[PDB]
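My questions will all concern the structure given below.
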Amino acid sequence: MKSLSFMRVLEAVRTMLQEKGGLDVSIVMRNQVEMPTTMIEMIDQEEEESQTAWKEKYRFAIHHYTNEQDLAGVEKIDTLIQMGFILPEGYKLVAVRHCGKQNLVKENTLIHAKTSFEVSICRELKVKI
Amino acid sequence: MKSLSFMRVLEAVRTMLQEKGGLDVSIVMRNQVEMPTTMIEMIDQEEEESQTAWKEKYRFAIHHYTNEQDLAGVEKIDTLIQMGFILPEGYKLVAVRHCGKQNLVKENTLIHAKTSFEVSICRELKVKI
Amino acid sequence: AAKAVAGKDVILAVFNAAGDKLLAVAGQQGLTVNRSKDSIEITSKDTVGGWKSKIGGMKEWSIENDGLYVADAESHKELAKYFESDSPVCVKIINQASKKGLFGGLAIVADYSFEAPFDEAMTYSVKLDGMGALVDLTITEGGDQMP
Amino acid sequence: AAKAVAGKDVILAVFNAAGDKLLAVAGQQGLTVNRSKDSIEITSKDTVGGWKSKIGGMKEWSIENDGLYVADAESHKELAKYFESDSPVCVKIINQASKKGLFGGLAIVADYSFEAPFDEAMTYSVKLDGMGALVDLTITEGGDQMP
Amino acid sequence: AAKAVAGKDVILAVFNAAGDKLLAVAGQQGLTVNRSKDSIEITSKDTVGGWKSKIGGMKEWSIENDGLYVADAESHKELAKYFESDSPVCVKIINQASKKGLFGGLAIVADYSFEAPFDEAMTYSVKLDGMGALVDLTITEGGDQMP
Amino acid sequence: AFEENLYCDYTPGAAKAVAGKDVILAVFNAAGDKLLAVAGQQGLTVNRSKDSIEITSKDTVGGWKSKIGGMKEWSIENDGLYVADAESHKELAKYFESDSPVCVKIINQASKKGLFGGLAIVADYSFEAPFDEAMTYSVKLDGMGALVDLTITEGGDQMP
Amino acid sequence: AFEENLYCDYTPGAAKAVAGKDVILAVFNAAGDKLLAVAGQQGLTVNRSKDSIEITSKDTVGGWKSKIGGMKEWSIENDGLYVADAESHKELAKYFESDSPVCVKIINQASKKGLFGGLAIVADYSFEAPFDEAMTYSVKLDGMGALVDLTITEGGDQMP
Amino acid sequence: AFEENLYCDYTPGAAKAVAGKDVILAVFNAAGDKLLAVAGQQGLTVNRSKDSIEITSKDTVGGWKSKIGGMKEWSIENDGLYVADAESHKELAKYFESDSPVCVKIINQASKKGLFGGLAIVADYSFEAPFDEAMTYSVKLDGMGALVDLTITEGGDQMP
Amino acid sequence: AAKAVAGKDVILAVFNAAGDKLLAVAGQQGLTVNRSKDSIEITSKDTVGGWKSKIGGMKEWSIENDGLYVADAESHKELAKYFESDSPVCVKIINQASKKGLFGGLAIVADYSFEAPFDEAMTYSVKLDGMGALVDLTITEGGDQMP
Amino acid sequence: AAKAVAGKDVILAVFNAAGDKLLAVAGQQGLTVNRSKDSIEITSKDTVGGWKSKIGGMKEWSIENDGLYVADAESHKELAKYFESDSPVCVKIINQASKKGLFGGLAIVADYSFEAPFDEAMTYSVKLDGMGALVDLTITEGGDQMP
Amino acid sequence: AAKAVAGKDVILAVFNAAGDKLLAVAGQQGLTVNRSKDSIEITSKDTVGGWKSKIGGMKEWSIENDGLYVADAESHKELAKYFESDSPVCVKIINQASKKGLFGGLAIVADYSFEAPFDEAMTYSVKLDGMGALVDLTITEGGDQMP
Amino acid sequence: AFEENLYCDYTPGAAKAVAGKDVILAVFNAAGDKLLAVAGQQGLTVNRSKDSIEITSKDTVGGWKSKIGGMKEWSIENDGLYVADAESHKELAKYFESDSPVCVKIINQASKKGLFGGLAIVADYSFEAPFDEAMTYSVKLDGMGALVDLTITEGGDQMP
């Protein structure tokens, strides 16, 4: 079964977020922004090592910008992402773990919280016939 | 059990610091600063290996800026951080240890002491039923 | 089909002394089931060919299980009684995801040992030697008492 | 020529009880075939030289196959039946790429064991002990039934 | 419950010569308690089936404890006397955090060896072979003298 | 079981072997209506011997020693795991104390064919109690009369 | 111990074995009121033999040798660890020097059932003291008459 | 050695064993005033037997054979390392060539108790010298008369 | 001189059935030649000194080879024929760089086994046991047939 | 106290032939002291319980010492003389930091080997097997000569 | 002193058939000189104490040498002849840096094997078993012929 | 060898062992002027036995048989490596064929002390040649009279 591109993962996570949290989340990543929002950045994608199944690790990021320190929003996004989401048929979401940089900085006139996630997706089992 | 977000760790440690040492310490990171203060810089959060328990390592930093050499104050901050803090139910601190950069510089017209901590938090033990 | 069975869903269960409860061994982290058969030799060289002839012999089975040790749980205080009382124990292998029984049989606690490393959690190991038939519940009807 | 044969293209196949269907054991992940011959000592000290004299003895063979374990596949529902009934099993090696058989023979299931790590899938291991001649199908015409 | 016991809380204690002081063996860094039983073979082939029959055998136990070695410690001046005098030693296993004993018994110091690396501290190893019953203190009332 | 038996030959033409777990000893009860299988059997030996009388005559060409076959006798040896409660063991003791000739049979319990039936006397009934093993028994039966071979004679297939 | 005993059969229908750690030799004291278990017992053997008288008559059809049951004798071998001050070991020596018959019994502690009782003489009381081992003893008893089998008779179940 | 002996039981009620390293054969010197322990002692075997006389009368009910006890005898076999200059080995030879009886005593050097004393003669004084080992000796002593046991009789506790 | 011989330049070759073609074993990846001699002990301790005396016994030799497996290779189609017929086989070791033979002799195919991973190419292993003398061609004149 | 002893402070020394000088073996990098005791089995099954009875047997000890090898050192010129001349060596283990002796005894040089790796320095290994008592100096007064 | 001897300075040398030349075997990369002495057990338990008495037994020695193998090197053309002819060979261990001999002996080529991986150079291994005394040239005068 | 012999006891007070490599067998040549050590020696066994006559009379209290020692005999068994051209072997064969008594001696070549001298007959002179070993020889000598013990008698120390 062909490897799933990061674009499908992005669509799936956007749909899960908007459906279960009512969150308007954009996928396109920007550099210089304004006004509070929530944005998803795909970092990278690689192959994990397991001699049982074809498995891939997708690392993405969630940028939450807001003029106020919003604890509830970041905690809710944490809960929703760590809960898991639906994938296109033929893929299994195995593990969602934190990895990479976790940051809470203030830029210009608003606070920027960066939360990086690493999700494991299995596509097929490594067995002959 | 779902992993803690870094922001929860920041809130717990900030509350512990303020309540036990009477220190006004902010979580939001600021780059160009003036007047003495104390700030907490979240570095990252990763998943450490121990094949009995789900344990995660949170690396953060404490920036202490003072117009004059503040010695016992950073001593007290370090000592309080090393004694441990209260985390929400279901999570246990395992060890608090120094890691990363430990730095003491003079910038602009004030001294900047950076003390980086790495804490281990066990969420639940790795066991089938 | 299933194409696989994830390992965190196969567990070892032990019948209590009365047999009314199937207690799942707490702290389980590993499980190995060994089933072997002897091979007898009948090579008599009045037979043409050139390959050494054999038949299948006698069958035996055993189970090894290791994991974290908890001293107060109900399951670990019963293995102690079984080991001390020299009594056969009823063991079962359960797929707690597919909810199907796999193998049940009478076994003898041959080894009940454990280690206490300084920088780790105190772990335990158990070996059960088979006394008689190990029933393959994957081919036989019944055997689904879950707990 | 081909200059190689990829390892994911040679598989173990088992004949069902009636022999009508060649079932490929599901979850195949590894395979090794051992074929050995004994050596006799004809070392008699009336011969010039200084080297030890030997001849060829008896031949035997064995097969070890391990992989992921699924208990619902018909292939694994037959291996249990053969194991419990002590009946000889018909085994074949198929190069499912070149569509040619490799080695067929009668074997006895000497071992049927499997492991359940908590962070992996439940894996199974099978040892088949040689019962009689192992017909080399690469040197003998025929033996190409595909399933 | 606790769901686990931290390994840095299980310690080994030795009764002094008069039995008045339970000395915690100084320098403890590891601990292993092995409890084994034999298996008798009762295969009588007038019995239908096809699986090998066994009964409970004979039980014994042993302990190995290793760590850093300090010669002037009181506990290390008691183990030496027991080893040199061929006298039984009373050993106990303590969960010093939960203030509960686990196993006590009489043992003989079968091995007392220690090794001194060039770039590391001097370490020691001890093996105690069981003389008789290893009394379990978790299913028996009493046995909680801490020191 | 196919490919025209190109490598797997299940054709029945012989057994080529008889597993020793398929041969058992059976003893007739005192009334003779029940064949008891000696419980705990683990070993079996059948001895059948004939002497040789020498008739070397010093007027025969050659240089070899001439003989004929002597008298024939037979005996059975058995040993195995012993329990004192089994009925078959409750019959061997009775025969031993009563000096009663006992009818014994050798049964291929797999092929359902008898092998040898005959009348014997219990010459030895001994047993051991090793401390790290299971207490086991040994029996010797001395043949009184012919050992009727059931592999050449017809009948004798009572399995119990 | 449940699921209708689908795989775990706990039904007691026999013993199928008697572990050798359960068969002990017991000796009656001089007064006959105390049964002492010989201390340090580690091995036991009971021999029961019968002679075979041949009656082969040269006028019998057949071709097999004729034999009957002769006379019966029995003996006991015991071996184990020897401690000199044990009461049982201080009694066997007395019987050995006095040439008195001694009453012996075979006891299964687990079944609490007597097996074989009789009168015997210590024909041999020897022991060895290997330097790297424990000093062990061996006793040989010969019986002057009936070895009463307590597995077929009623009574004789005193434990000590 | 405490906690009310909850798990550690030292309470002396027996020895439960006698290490073979504590049992040593010793002989009296020619003057009979010095008890010398044979150097290099590594093995010991004390054999004691009594003959059995058959009284089988063909008019006795039952079915077993009648026996009584005959005459008694004893012997000692001791082997070990041999050194030529030891007094014990310089005394054994004196007994050997002179054919004089020697007083022998078997002593438990741990319990400080004697076991058996007697008068014996060296019927076999042999020794072996394997090239890749230390040269080893063996001694056989046959007794003339009673082997007086010191476990039932009072006295005989001289150590040396 | 050469100061070394590259390991990819030394190969194992086999004579065909009639012996008219020297075929290099297709798929060669490794090679080991073992030549051993027995040792007899003659320590009669009438000799002064203090060192244990020894003399020479008998000489044996063997070859281990392994590599990738190609079923259609005629050399691989000849090793099977030699293994099946229990016939002695003539083997030679060729330095294809200097075009010089090294070792030739008669051997028996003691082991012809091969194993196939899932993520690699199917590999083969051959063991040849010496049937008598192994003549070294580096000391003796001749033995340079290349193919 | 100390709570530890650095491994660079436990050092092995031997006595010269006259015994007037204690020489530390130059070049040592490691040290291992083994002290073992045998265990007899005395199970007399007239006893209640279910555990196996044991007493202690004989005691013997051994020393492993390895390090860098320098030939001209006088101490290594003494071990060689002992190994050749089959004379016992008086060996002592001392703590050069606390200036305390630990263990003294007679030993035989059972193994005296050394290594000469291409990219390293020549390293030596020594095995000492003691004939009898290894008197420990940590429980008895005396044995404190350092040199 | 030197406090060390480099391992690239210790070499193995062989006397040729005539004995007029000392050959430095080409391609040397490792040396091992094993010297052992047996131990005879003199446990007679009429001796007070509690330790096992032993004496020195018999002495033996052996040499292991591995490295790169160039067949045309005339040094290797003597090892082959000695191996084939079962003739004892004179061997000397030489320090080419200090210009001092270390150990001379009469040895027998007990093992001569070599390996040819395709991704490396052909390496050879040689075992020499000692036929009697190994003269230690470090204590004895003389023995300084380098070549 | 010092610190007041605190742990190392170098004081020689005995031997406590004699390795078999120090005990050899030597024979006298025909002229009787050279003591030759048997070449290739690897084993030695000296047997010294004494007969025992029974004097048991049926009017003696007790129960033990009365015994008195009879005659004494000695023998030697040697074996080891055989080389044909050795002088000692070229002397043994001459004695074997000539039926001449040979003077034999047992020598402790380390302590330089004689042990046993006597006159013997070469009763057996056999040798084996296993194909995978060295050809070994075995010799048996039976003594014609007294074997003089040299550990109790002064003299007899000719070393060669």
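In this document, chain identifiers A, B, C, D, E, F, G, H, I, J, K and L correspond to the written order of the chains, with residue numbering beginning at 1 in each.
Here is the rule we use: a contact is a pair of C-beta atoms (placed from the backbone, for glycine too) under 8 Å apart; a residue touches a chain by one contact, two chains touch by 3 or more.
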{"item": "Which listed pair, A-I, B-C or A-C, duplicates the contacts of A-D in over half of its pairs", "value": "B-C"}
{"item": "A-D against E-G, pair bridged by the larger set of C-beta contacts", "value": "A-D"}
{"item": "Subunit H and subunit K, separation of their C-alpha mean positions in angstrom", "value": "53"}
{"item": "Centre-to-centre distance between subunit J and subunit H (centres being mean Cα positions), rounded to whole Å", "value": "40"}
{"item": "Distance between chain centroids, defined by C-alpha means - subunit E, subunit J (Å)", "value": "27"}
{"item": "Residues of subunit G engaged with two or more neighbouring chains", "value": "16-17, 19-21, 39, 41-42, 72, 81, 97, 99, 131-134"}
{"item": "Subunit B: positions in contact with at least two other chains", "value": "52-53, 125-128"}
{"item": "Subunit I contact footprint on subunit H (complex, rising order)", "value": "131-132"}
{"item": "In the complex with subunit J, residue positions of subunit G that touch it", "value": "20-21, 24, 37, 39-42, 80-81, 132-134"}
{"item": "Subunit F-facing residues of subunit E, complex", "value": "38, 40, 42-46, 55, 58"}
{"item": "Complex contacts: residues of subunit E adjacent to subunit H", "value": "15-20, 88, 90, 92, 104-106, 132-133, 135, 137, 142-143, 145"}
{"item": "Subunit J - residues contacting subunit E, complex", "value": "1-8, 10, 29-39, 43, 49-56, 59, 95, 100, 102, 136, 138-139"}
